[PDB]
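Notes for the structure review
Residue strings, one per chain:
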Amino acid sequence: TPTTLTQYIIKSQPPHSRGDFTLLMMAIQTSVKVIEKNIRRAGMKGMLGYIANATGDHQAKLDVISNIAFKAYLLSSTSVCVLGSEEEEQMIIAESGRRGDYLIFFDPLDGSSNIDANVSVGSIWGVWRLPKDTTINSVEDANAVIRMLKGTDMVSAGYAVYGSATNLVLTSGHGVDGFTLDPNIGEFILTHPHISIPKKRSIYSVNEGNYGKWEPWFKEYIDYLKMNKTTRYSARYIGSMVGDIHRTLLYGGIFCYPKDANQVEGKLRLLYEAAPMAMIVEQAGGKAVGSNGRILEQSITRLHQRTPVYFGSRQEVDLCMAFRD
Amino acid sequence: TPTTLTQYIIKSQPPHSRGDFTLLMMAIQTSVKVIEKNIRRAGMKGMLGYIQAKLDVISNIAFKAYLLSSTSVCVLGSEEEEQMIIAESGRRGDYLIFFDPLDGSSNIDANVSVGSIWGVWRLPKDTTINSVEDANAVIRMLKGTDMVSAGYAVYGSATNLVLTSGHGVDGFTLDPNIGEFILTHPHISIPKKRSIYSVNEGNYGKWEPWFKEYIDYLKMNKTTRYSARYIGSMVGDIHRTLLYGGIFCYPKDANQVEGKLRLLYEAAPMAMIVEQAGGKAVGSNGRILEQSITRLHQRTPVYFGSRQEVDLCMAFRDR
Amino acid sequence: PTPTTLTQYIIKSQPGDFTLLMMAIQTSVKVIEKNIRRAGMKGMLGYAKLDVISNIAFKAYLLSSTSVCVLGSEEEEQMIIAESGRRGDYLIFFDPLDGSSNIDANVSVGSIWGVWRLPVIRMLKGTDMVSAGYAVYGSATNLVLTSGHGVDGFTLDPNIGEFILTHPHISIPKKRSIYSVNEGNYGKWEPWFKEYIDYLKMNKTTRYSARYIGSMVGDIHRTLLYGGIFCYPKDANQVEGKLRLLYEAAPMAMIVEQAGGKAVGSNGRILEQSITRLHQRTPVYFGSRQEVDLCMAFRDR
Amino acid sequence: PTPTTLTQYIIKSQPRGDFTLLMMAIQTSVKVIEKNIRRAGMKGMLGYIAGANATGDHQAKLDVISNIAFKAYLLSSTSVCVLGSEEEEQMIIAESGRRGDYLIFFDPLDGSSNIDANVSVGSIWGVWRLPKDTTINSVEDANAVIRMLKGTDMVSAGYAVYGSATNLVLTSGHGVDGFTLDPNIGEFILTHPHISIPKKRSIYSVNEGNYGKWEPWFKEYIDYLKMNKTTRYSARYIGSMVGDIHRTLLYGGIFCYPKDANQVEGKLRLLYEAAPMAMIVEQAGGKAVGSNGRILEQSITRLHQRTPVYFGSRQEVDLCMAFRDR
Ligand SMILES: [K+]
Ligand SMILES: [K+]
Ligand SMILES: [K+]
Ligand SMILES: [K+]
Ligand SMILES: [Mn+2]
Ligand SMILES: [Mn+2]
Ligand SMILES: [Mn+2]
Ligand SMILES: [Mn+2]
Ligand SMILES: [Mn+2]
Ligand SMILES: [Mn+2]
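Residues numbered from 1 in each chain as written, not as in the entry; some residues may be left out. Chains lettered and ligands numbered in written order. Heavy atoms only, no water. Residues with missing side-chain atoms left out of burial classes, pairs and counts.

Structure determination for this entry, per the PDB record, employed X-ray crystallography and reached 2.80 Å resolution.

Chain B has the name FBP protein in the PDB entry, where Leishmania major is given as its organism. This entry carries the title "Crystal structure of Leishmania major fructose-1,6-bisphosphatase in holo form". Turning to chain B, the UniProt annotation filed under Catalytic activity (unreviewed entry) states: "beta-D-fructose 1,6-bisphosphate + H2O = beta-D-fructose 6-phosphate + phosphate". Taken directly from UniProt, the Sequence similarities (unreviewed entry) text for chain B runs: "Belongs to the FBPase class 1 family." (UniProt positions renumbered as here; feature names shortened; annotations may be inferred.)

Under the annotation held in the PDB entry, chain A carries the name FBP protein and is attributed to Leishmania major. If you open the UniProt record of chain A and go to Subunit (unreviewed entry), you find "Homotetramer."

Here it is as structure tokens:
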């Protein structure tokens, strides 16, 4: 009898709790398993490539299927009032009799331009809980509510990695725990409890193809990692934010998506990429900052808002930020 | 009723052919499936190290078991073993197989892709291998250009098996419901040009000046913008290189002055696949496949990929 | 291509304890199915160990569910109480693995559960049962259940480890010419039942087909879907019967009744029988309402 | 760690690789069919096609899919010259130069009226080897060749059981060995080596719903099994010939499909049901007879020929035949 994610969560909540968070995490699990199913057989089911979004991404077929899955299960869960997907312009409101307390923002498939080459991909979600009195009855209401939220209010966050094994990592503000899908029983089993990101590790992750378009201070930082006399650094960039962040959490290191001469506001989205990953990184003992301190302290102005990121081992991030100053 | 790897191979061989190669590819398929099984559940079965090198051992055990019982092999050489192994007499076919049973094994704990690589030579016309001595003598008079088949498997979100027999490259995908590899990527053709480079830039300082120059050009040139990708799994990175185009480099180091990658069971198989897909695959002095094999764990640097991207790279090497 | 799961179905059915309970049951069933499929290679066959493993699974997941106060297994003499801070409202009685001497021959097996609710438990009636269900472990894996508003059947999708709705509103036909009984025991039956069986074979009007897998869950599942009758009659040895009331006959009776069939023992409805003792027994005559009527007509002369 | 596969077992068993390739094609077919059965409920493949085969069976959708599978893989194997399916009127010839030495007759899905109720089903095959200096170039040639064959010429036979586990049992004239599908690796693993059917066991398997239509001697035999003072019998009838025969081989007992007042020639087909099962039962140490002695000694007149069967533990079958001769 191994320990399932569901059991783990039931245990985590107080004696005879509400149960909404358990139902939510069921919906997420089912979605993740559906997506995993589709990815593993995509080649034979004709779902490789692209269709013939609000961020200007041309969509892979698995983006659409992923989004459909997440929405279907989350809305039927009875635990969500609002959902916001990368693949949708607008937020979606759950129907009145079927409306829980959670606002969930998700990237249903991260790295979708990796799938054709069997490089890892993932899903990311951040969960906020509807503020005490308030009631969201429309898209207008929801847009007003998100504007008065911060990453520091996020109650839970997590990602899934679709690779040789299927991982589901999550936090509820009391550390990070990692699970692995047992395909023989379709349950997520606790395999990586109390994930602690090392304080220092000589691994950096960034797209150096963009060297030319970076700020001078960041070119300097990267050059130092390569040219300094003291400590040798190793470079790794899978090109899947989830894949790279997962390696960062387990091995230590740093992961960067810096300011660009094109994307002067950044590549990564705040609500459904950067802030969830920031809560996970912080809870694992790491540091997660953007252009002006903590990602989680940034004010949310709009659903598809962007930010650069510098995430990872506390001291590696400190070194990086020392060049900025 | 989809097209299996097995049926594809049966069709590929001549009318009423011998059958050795079919049996070999069965053994390889079974091995790959056993390894895949173990990787997918490694976390729950204690084979990961959380709190490094058990899957190497299990992989090696699998490949050996199935290949030796296949009756198609005379000699095997694994990355995990110092010496070559001889198949027992009368369980002894015509193939010499050199394999990396698990490539990227320090990736597994982080769920980063890994693979298996194999190169197949066929015992020369008048030769008979009866011992380790014999085998060491035989490999010394072989080249990558004599390789009859090569392939790799990628263990990721899907499980791929890519291979060639000197008539192009074809890619298969494991259907886990029936445990057969299904043709999904027929006639893989690597683009002639594509702006993606793959190398560990952490080692910048230890590279030769010409290669530092090449990398700097990819970043600073006015004409064409390059994207950087380095998974750190040779199979993962090469597979992306074959399908997307680009370049993959493991250049000469100030430490590893002979190179990181092994010739027999990493560089030469991947070279035959890259060449068959329409790409170019070179080391320190031309084609990897034209290099003479001196020793089982011999090494070489590599510059592999899109023919024009490799040409560009080699243009910088001109002193 | 996002199918309807058992979990969603149940969430929709309610206006959370029962949802958590049905999670625990699902996980248990999947664990048991996993073990059965590979039992031959993992040494768990004879040639039962799977009774023990099954029981362990059900207990583990049901107790951690926080929805149970009491559980009773066929494999245990005594009932088990859930710990105080982890104690829901449900009493559950289950046969974690039915037909365990079938496994070595790859004949179907199943799991059966009956759920009562508490508002000491000296007597219950099947008519108070709030839910019941079984799983069938065969070439597909089925999970059939009721909550007093009909019967619905689900099938395990092994690719996602969820039970998918495949057989909604199972209705057992009123009449169907299939009978299920061990005729090896002919000699030990009561005269009226010998007469009934002889009539099924010798009557001029309607031809009957015989099927007996020898797994109660397998045979009852075929009975619900195809129609027919399933009998474990009184024996000259087992004068009180073979099947157990609390964790076999009464759950199956609620399912059969909710599907539109009839489910009786030696003296009327199984569900109306008083429960005196945990491992109490009863004969059964279950199935299509008219086939059971025909059977009972022979008993009454 | 690295278990013994069916493929390895077969490679070991041979001294030419034609039989190995054949058994690959069969394995793949069996795995494809298993795949389909496990998910049939969600893929809409439960029940029947809306519009009967050569023996008058209305077909289940899984009959058609199964038949397609077996044909596809067996023909691409390069080991077959002729194939005969239950689901086809005519035999099929493999294309010239994709043409091996084996004639294979198969029931691609046995018990297809069990699937909707999740009761076990199976596949059955019998393998003959083309006679010395015979050459099959058409359906005419094939029909001529089968007429001069017997079950005693069968080189191999086997079945698959699709249940909670997936079994594949086979013989090549040197006993019976049983395998089990490992779904994690899609290989059949040796689990039941040297299957030996007990000489005596008190279990009988027959559809007693047909009592009224049986011959008097067989009614007498069945009544004896129930009413005799000496030994008590247990009755089991799954209603899937493969399921019931598999239980018979492992537990012992008897399995009967006797002569009927309707089917006076019998229900079971000789080429792809009775004769393969007969070779397996004989190789396991049992006895397998029809209306006039050994099934395997019967002359094959036609592809969809029928026969009754009395199969199982040698002494149980002897007892049965004693009632016929009295
Ligand atoms: K995107
Ligand atoms: K190494
Ligand atoms: K039991
Ligand atoms: K049929
Ligand atoms: Mn996305
Ligand atoms: Mn993304
Ligand atoms: Mn390796
Ligand atoms: Mn028991
Ligand atoms: Mn029982
Ligand atoms: Mn049949």
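We are not done yet, so read on.
1. Describing empty space enclosed by the protein
Volume-wise, the largest cavity comes out at about 640 Å³. Surrounding the largest cavity, 36 residues form its lining, B:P176, B:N177, C:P158, C:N159 and D:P183 being those nearest its centre. When residues of the lining of the largest cavity are traced back to their parent elements, those giving at least two are α2 (20–41) of chain A, α2 (20–41) of chain B, α2 (17–38) of chain C together with α2 (18–39) of chain D. When residues of the lining of the largest cavity are assigned to their parent elements, the largest contribution, 5 residues, is made by α2(D). For the lining of the largest cavity, the per-class residue count stands at 12 nonpolar, 8 polar and 16 charged. Taken together, 14 residues form the lining of the second largest cavity, with B:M26, B:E180, D:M24, D:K31 and D:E187 sitting closest to its centre. (1 Å grid on protein atoms, 1.4 Å probe; cavity = no way out; pocket = protein on both sides within 12 Å on 5 of 7 lines; lining within 4 Å. Points joined across faces, edges and corners; volume = space filled by probe spheres on them. Helix = DSSP H or I, 4+ residues; strand = E, 2+ residues; numbered from the N terminus. Nonpolar A, V, L, I, M, F, W, Y, C, P; charged D, E, K, R; others polar.)

2. Observations concerning the coordination of the manganese ion (ligand 10)
Octahedral six-donor coordination of a metal ideally yields angles of 90 or 180 degrees, compared with 109.5 degrees for tetrahedral four-donor coordination. Residue and element names in this part refer to chain D. Donor atoms from the polypeptide that coordinate the manganese ion (ligand 10) comprise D107 (OD), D110 (OD) and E273 (OE), at 2.1 to 2.2 Å from the metal. Within one chain, the residues donating to the manganese ion (ligand 10) are spaced in sequence as D-x2-D-x162-E. Between the two metal centres, the manganese ion (ligand 10) and the potassium ion (ligand 4), the spacing is 5.6 Å. The class for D107 is buried, based on a relative accessible area of 0%. (Donors = N, O, S within 2.8 Å, 3.2 Å for Na, K, Ca; no water. Buried < 20%, exposed > 50% of the residue type's maximum accessible area, 1.4 Å probe, protein only.)

3. Comments concerning the UniProt feature "binding site: Mn(2+) 1" (unreviewed entry) in chain A
Residues and elements named next belong to chain A. Look at the UniProt record and you will see "binding site: Mn(2+) 1" (unreviewed entry) annotated at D63, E86, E87, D107 and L109. Considering the C-alpha atoms alone, the annotated residues occupy 47 residues of sequence yet fold into one spot, their largest mutual distance being 9.4 Å. Position of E87 relative to the elements: it lies in the loop between β1 (80–85) and β2 (92–93). Here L109 shows up in strand β3 (residues 102–110). For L109, a relative accessible area of 0% corresponds to the buried category. Beyond its immediate chain neighbours, meaning those up to four positions away, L109 contacts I35, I39, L62, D63, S66, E86, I115, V121, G122, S123 and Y162. (Contact = heavy atoms within 4.5 Å.)

4. Points about the packing of helix α1 (residues 5–12) of chain A against α2(A)
Geometry of a packed helix pair, given as the angle between the helix axes and the separation of the axes. All names here are of chain A. The contact between α1 and α2 brings their axes to 10 Å, and the two run at 160°. Accordingly, the angle class assigned to the pair α1 and α2 is roughly antiparallel. Considering how the two elements wind past one another, α1 and α2 form a crossing that is right-handed. Across from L5, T6, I9 and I10 in α1, the residues of α2 making contact are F21, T22, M25, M26 and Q29. Split into classes, the residues belonging to the contact of α1 with α2 amount to 6 nonpolar, 3 polar and no charged. (Axes fitted to C-alpha atoms, helices over the stretch in contact; angles between N-to-C directions. Parallel < 35°, antiparallel > 145°, perpendicular 65-115°, else oblique. Left-handed = near helix turned anticlockwise from the far one by under 90°.)

5. Quick notes on the UniProt feature "binding site: Mn(2+) 2" (unreviewed entry) in chain B
Residues and elements named next belong to chain B. Mapped onto the present numbering, the UniProt feature "binding site: Mn(2+) 2" (unreviewed entry) falls at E79, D100, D103 and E266. Considering the C-alpha atoms alone, the annotated residues occupy 188 residues of sequence yet fold into one spot, their largest mutual distance being 9.5 Å. Considering the arrangement of structural elements, one finds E79 in the loop between β1 (73–78) and β2 (85–86). If near-sequence neighbours (up to four positions away) are discounted, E79 is found in contact with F99, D100, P101, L102, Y265, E266 and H297. On the secondary structure map, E266 appears in helix α7 (residues 263–276).

6. Brief notes about the coordination of the manganese ion (ligand 9)
All names here are of chain C. Coordination of the manganese ion (ligand 9) by the protein is provided by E74 (OE), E74 (OE), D95 (OD), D98 (OD) and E248 (OE), with metal-donor distances spanning 1.9 to 2.7 Å. Between the manganese ion (ligand 9) and the potassium ion (ligand 3), a separation of 3.8 Å is found, and both are coordinated by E74. Take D95 and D98: they sit in the same class, and that class is buried.

7. So, the domain arrangement of chain B
All names here are of chain B. Looking at chain B, the domain boundaries give domain 1 (1–187) and domain 2 (188–319). Distance between the C-alpha centres of domain 1 and domain 2: 23 Å. At the interface, 49 residues of domain 1 touch 31 residues of domain 2. Carbon and sulfur atoms supply 67% of the area buried between domain 1 and domain 2, which totals about 2900 Å² over both sides. Considering only the side of domain 1, the residues that lose the most area to domain 2 are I117, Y152 and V169, jointly responsible for 19% of the buried surface there. Run the count over domain 1 and domain 2 and you get 0 salt bridges. For the pair domain 1 and domain 2, the number of links is 13 residue pairs in polar contact. It is strand β4 (residues 114–122) that provides the largest number of residues to the side of domain 1 that touches domain 2, a total of 7 residues. Its residues assigned to classes, the side of domain 1 that touches domain 2 shows 19 nonpolar, 22 polar and 8 charged. (Domains from an automatic or database assignment. Buried area = accessible area lost by both parts, 1.4 Å probe. Salt bridge = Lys/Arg side-chain N within 4 Å of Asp/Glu carboxyl O. Polar contact = N/O pair within 3.5 Å; in protein donor to acceptor, adjacent residues only side chain to side chain.)

8. Here we look at the state of the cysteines
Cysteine pairs can be covalently joined through their sulfur atoms, and such a bond is termed a disulfide. Tallying each qualifying case throughout the model produces 0 disulfides over all chains. A:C320 supplies the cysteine sulfur nearest to A:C256, a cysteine that is in no disulfide, at a spacing of 4.6 Å. (Disulfide = S-S within 2.5 Å.)

9. Here's the deal with the domain arrangement of chain A
Residues and elements named next belong to chain A. Per the domain assignment, the segments making up chain A are domain 1 (1–194) and domain 2 (195–325). Here the C-alpha centre of domain 2 lies 23 Å away from the C-alpha centre of domain 1. Summing both partners gives a buried area of about 3100 Å² for domain 1 against domain 2, and 64% of it is carried by carbon and sulfur. At the junction of domain 1 and domain 2, the tally comes to 2 salt bridges. We note a salt bridge from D57 to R269, for which the minimum N-O separation is 3.3 Å. In this assembly, domain 1 and domain 2 are joined by 17 residue pairs in polar contact. Within the residue set of the side of domain 1 that touches domain 2, elements represented by two or more residues are β1, β3, β4 (121–129), α4 (139–147), β5 (156–162), β6 (166–171) and β7 (176–182). With 7 residues, β4 is the single largest residue contributor to the side of domain 1 that touches domain 2. Considering only residue class, the side of domain 1 that touches domain 2 consists of 20 nonpolar, 24 polar and 9 charged.

10. Let's talk about a nonpolar patch on the surface
All names here are of chain A. A cluster of nonpolar side chains, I51, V64 and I68, forms an exposed patch at the surface whose accessible area comes to about 200 Å². The topology assignment puts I51 in the loop between α2 and α3 (61–76). Relative accessible area serves as the criterion here: at 35%, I51 is assigned to the partly exposed category. (Patch = residues over 30% accessible without salt bridge, like charges linked within 9 Å, V, L, I, M, F, W, Y side chains within 5 Å. Areas by Shrake-Rupley, 256 points an atom, 1.4 Å probe, with all protein chains shown as cover.)

11. Quick word on the pairing of strand β11 (residues 247–250) of chain B
Residue and element names in this part refer to chain B. Here β11 shows a buried face lined by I247 and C249 and a second buried face lined by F248 and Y250. Two elements, strand β9 (residues 196–198) and β11, share 2 bridges in a ladder whose sense is parallel. Bridging across to β11, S198 finds its partner in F248. One ladder, built from 4 bridges, connects β11 with strand β16 (residues 302–305); its direction is antiparallel. Note on β16: the bridge partner recorded for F248 is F304. (Pairing = 2+ DSSP bridges.)

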